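Trainee: Handing you this structure, nothing more for now.
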Amino acid sequence: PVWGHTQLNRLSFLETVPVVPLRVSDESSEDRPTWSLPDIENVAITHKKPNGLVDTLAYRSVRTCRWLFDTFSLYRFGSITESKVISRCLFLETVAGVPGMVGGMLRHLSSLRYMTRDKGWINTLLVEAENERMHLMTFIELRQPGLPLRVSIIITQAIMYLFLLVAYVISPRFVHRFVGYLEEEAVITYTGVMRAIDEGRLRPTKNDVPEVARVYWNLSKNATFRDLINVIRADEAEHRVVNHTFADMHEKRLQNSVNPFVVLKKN
Amino acid sequence: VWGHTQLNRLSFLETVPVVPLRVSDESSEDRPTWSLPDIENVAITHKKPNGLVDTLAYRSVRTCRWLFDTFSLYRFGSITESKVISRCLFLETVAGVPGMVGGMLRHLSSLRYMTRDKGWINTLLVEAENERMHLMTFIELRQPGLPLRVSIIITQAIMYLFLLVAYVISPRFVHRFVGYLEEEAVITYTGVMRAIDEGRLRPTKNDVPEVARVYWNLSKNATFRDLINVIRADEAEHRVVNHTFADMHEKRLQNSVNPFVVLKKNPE
Ligand SMILES: [Fe+3]
Ligand SMILES: [Fe+3]
Ligand SMILES: [Fe+3]
Ligand SMILES: [Fe+3]
Ligand SMILES: [O-]
Ligand SMILES: [O-]
């Protein structure tokens with residue numbers, strides 16, 4: 001049919017690389033977010049009681065990082081403006097899609113060497129990674145950064161990929177918690193923004209939507225900036241739940257159980 | 001419903017006891033769709049190398065193939081069904097590792113360069129899945145002894161590490177190594193089918209595991225050979241994708257679109 005032994009039997013397809021269209025659909029797997037704007041309009045700020053040494057430590061530290069990234073970002077002194085907004089979120093998103101990758105592949109590597117059913121935790125992480133990496137590809141179209149923060153970005157990732165690698169190895173409960181808490185704040189970040197556009201204390205100017213984003217979230221032809229944040233928000237909020245649950249499941253020794261969220265595909 | 005409701009919950013921990021163990025959820029919905037009498041004719045090819053790098057990959061595949069078949073005493077002994085099943089149980093545990101660094105290193109770069117990737121990552125990923133869906137399938141035909149169970153852990157450390165540092169240095173080398181790897185895979189799985197067909201091997205196992213039913217999509221009637229035939233297809237799917245990839249690299253096209261996104265679909 002479309003794809004069979006005749007292709008399979010050919011040494012290379014290097015000839016067709018000049019002659020395939022860049023599709024913006026091709027930028028992500030076929031696993032897209034598909035919220036309904038009026039609904040995810042209601043997504044709320046939540047908080048989960050830290051349930052021990054680790055949960056609190058995950059909490060504490062996430063909260064000093066916001067402190068230290070808030071002062072250093074300078075995000076602190078001035079208005080909520082599309083600039084230091086896109087600029088902020090953009091940066092965060094470089095780190096935002098790291099945990100999902102290092103988790104998924106660690107579970108992949110367990111599975112492979114101990115020959116066990118992963119029961120679908122892999123893929124759910126591997127999407128969080130892609131999903132945020134997409135969040136990136138969006139923002140990296142509203143406003144490219146400058147050399148100063150392009151560097152900063154490439155040094156942060158170096159540092160973060162050790163932290164998450166070693167920690168995810170030491171305590172996955174710690175990391176899913178750690179991440180749980182970075183989400184809650186991802187909500188707050190974005191949700192406070194939706195409230196600027198609402199209150200008019202910020203007047204968006206990128207009110208089309210990057211084509212990348214528009215297909216991804218099946219966004220309408222002249223969907224506005226706000227609409228965009230609402231899904232970017234929903235996305236995040238889902239990551240919230242999941243990463244506290246995955247952690248709660250580690251809490252009660254369940255890191256080798258069926259992944260709840262597979263079920264919630266039209267169950 | 002997957003609405004702000006469930007998004008606003010704290011945790012769904014409490015929900016595990018109710019959710020079923022649906023074999024269909026081990027993998028992503030991205031499933032090799034082969035048509036068997038079609039794929040049947042999957043041939044054994046041999047890509048000519050260019051670089052010294054290609055040469056190297058080729059020797060390092062040869063060398064490991066000799067190493068393995070010897071220390072595994074797979075060469076002689078009246079070829080058994082339960083040494084095919086084992087050798088693939090081991091080999092698909094290494095197999096499931098490069099595609100996964102593959103997709104990981106590329107992944108990270110899209111985020112540190114805030115650049116597009118153009119369909120590479122999800123391909124390299126689902127490979128690492130596909131090679132894992134072999135492993136979970138084989139395990140059902142035979143559980144590894146403690147010798148073997150030990151072998152796979154030690155080997156994961158050598159390999160992973162090796163891949164990881166070859167990936168940073170020579171992406172070309174990895175893609176072409178895998179290519180050549182899979183040129184062997186495809187040799188062996190047609191060997192098996194051939195061996196089966198001349199009744200040199202009589203397949204005691206004909207309960208095709210559920211996992212390989214739902215994942216590959218196959219009637220409850222699909223014989224042992226039917227499995228070998230689909231798996232072997234993927235192995236050749238991997239053989240020419242990674243071999244396209246090594247070529248793509250060698251031609252500074254790392255950042256060109258990944259062609260196989262379109263050869264999913266109909267025309268260009
Ligand atoms: Fe994010
Ligand atoms: Fe996030
Ligand atoms: Fe394989
Ligand atoms: Fe393979
Ligand atoms: O975020
Ligand atoms: O293989």
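As shown in the structure tokens, the chain order sets the letters A, B, ...; within each chain, residues go from 1, and ligands are also counted from 1 in the order they appear.
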May I have the residues of chain B within 6 Å of chain A, counting only C-alpha atoms, written as a list in words?
Mentor: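 Taking only C-alpha atoms into account, residues 4, 7, 10, 11, 12, 13, 16, 25, 26, 39, 42, 43, 47, 93, 111, 112, 118, 119, 122, 152, 153, 236, 237, 240, 244, 259, 266 and 268 of chain B sit within 6 Å of chain A.
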Trainee: Show which residues sit within 9 Å of region 81-88 of chain A, as number ranges by chain. Count only C-alpha atoms, and ignore same-chain residues fewer than 4 positions away.
Mentor: A: 73-75, 92-93, 139-140, 142-145, 193, 201-206
Trainee: Counting only C-alpha atoms and all ligand atoms, what are the residues, protein, DNA or RNA alike, that approach ligand 6 to within 9 Å? I want them as a CSV table (one decimal) with C-alpha atoms, in the first residue's frame.
Mentor:
chain,number,residue,atom,x,y,z
B,88,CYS,CA,16.4,-12.1,20.1
B,91,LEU,CA,19.6,-8.6,21.2
B,92,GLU,CA,16.4,-6.5,21.3
B,94,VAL,CA,20.4,-3.4,23.2
B,95,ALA,CA,18.5,-2.5,20.1
B,96,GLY,CA,16.0,-0.6,22.2
B,131,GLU,CA,12.4,-2.6,19.4
B,134,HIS,CA,9.9,-7.0,20.4
B,181,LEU,CA,23.1,-3.8,12.9
B,182,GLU,CA,19.6,-4.1,11.3
B,183,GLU,CA,21.1,-5.5,8.0
B,184,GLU,CA,22.0,-8.4,10.3
B,185,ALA,CA,18.6,-8.5,12.1
B,186,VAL,CA,17.0,-8.8,8.7
B,188,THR,CA,18.6,-13.6,10.9
B,189,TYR,CA,14.8,-13.3,10.9
B,231,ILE,CA,9.1,-8.1,13.1
B,232,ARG,CA,11.6,-8.6,10.4
B,234,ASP,CA,10.2,-3.3,11.1
B,235,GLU,CA,13.9,-4.4,11.2
B,238,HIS,CA,14.8,0.5,10.7
Trainee: May I have the residues within 12 Å of residue 79 (chain B) as a PyMOL selection string, using only C-alpha atoms and disregarding those fewer than 5 positions away in the same chain?
Mentor: chain B and resi 73-74+84-85+87+191-192+195-196+199-202
Trainee: Let's have the selection written as a short mmCIF file (atom, residue, chain, number, x, y, z; two decimals), in the first residue's frame, with C-alpha atoms.
Mentor:
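Writing the result to part.cif gives the following:
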data_model
loop_
_atom_site.label_atom_id
_atom_site.label_comp_id
_atom_site.auth_asym_id
_atom_site.auth_seq_id
_atom_site.Cartn_x
_atom_site.Cartn_y
_atom_site.Cartn_z
CA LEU B 73 27.33 -20.98 20.96
CA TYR B 74 24.61 -20.16 18.42
CA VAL B 84 16.28 -18.09 18.29
CA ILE B 85 13.87 -16.96 20.96
CA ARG B 87 19.22 -14.59 21.11
CA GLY B 191 17.07 -17.21 8.15
CA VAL B 192 14.51 -18.22 10.79
CA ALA B 195 14.67 -22.55 8.51
CA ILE B 196 10.96 -22.84 9.51
CA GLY B 199 10.84 -27.69 8.49
CA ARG B 200 14.35 -27.62 10.01
CA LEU B 201 12.58 -25.88 12.90
CA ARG B 202 9.09 -26.91 14.14
#
Trainee: Enumerate, as number ranges by chain, the complete set of residues in region 183-264 of chain A that a backbone-based DSSP assignment places in helix (DSSP H, G or I).
Mentor: A: 183-199, 211-216, 225-251, 260-263
Trainee: Choose the residue, out of A:89, A:160, A:223, A:228, that has the smallest atom-to-atom separation from ligand 1; count only C-alpha atoms and all ligand atoms.
Mentor: A:89
